Each structure stands twice: as structure tokens, then as C-alpha cells.
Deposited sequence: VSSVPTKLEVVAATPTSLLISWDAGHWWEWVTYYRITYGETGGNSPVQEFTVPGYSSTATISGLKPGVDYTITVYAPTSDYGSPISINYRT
């Protein structure tokens, strides 16, 4: 349920501008935790406040395929989201 529709609004070889649907009203969580890393094999993470539905991922290596995930504060919302994207 929350969150959903993780996309890549814009992307350079070293940066991805992701977004998602925070739901509405009763589903808006306090914060999201965005993680990124190579789809192969340490992950890096950051957190955005729950009111904002976009996030920017920087410092990526061009040409490498990245898996981006957006987690809700708890599992009591509706499973995480995960997408793959090559810079």
C-alpha cells in the first residue's frame, strides 16, 4: 500500500531523481528511508521527511546498474518498493 509507484523522474550518468506516491491523508507516514546501491554486491541510505515524495540520489557510478528502495517507517503499511536502474 505505502509507499508505491517508485520511479526515476530524471537521471544523469551520476544522479537519479526518484519519486513516489505518499498515499493521501491517513497514509502519509512521518518519514521514508531511501537506499541505493549496485544490484550485484555496502549499501548506502538516507531518509526524507514523510511530507516530501521526491528524493535525489547522487554520487553514483555511471554505467553501473543500481537498485533503489524506499521503505516506510514500519512494515505495518504495505511492503517496500524496489526498482533497478542503470545510470
Point out each run of deposited residues with no C-alpha coordinates, keeping the order of the sequence.
1 to 2, 44 to 45
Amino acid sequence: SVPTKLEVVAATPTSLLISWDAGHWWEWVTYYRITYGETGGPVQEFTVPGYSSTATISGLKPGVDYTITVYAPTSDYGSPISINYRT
From here on, numbers count along this sequence of modelled residues.
Got a sec? Mean C-alpha B-factor, which is higher, 67 to 75 or 12 to 20?
67 to 75
Mean Cα B factor from the PDB record: higher for 55 to 63, or higher for 30 to 38?
30 to 38
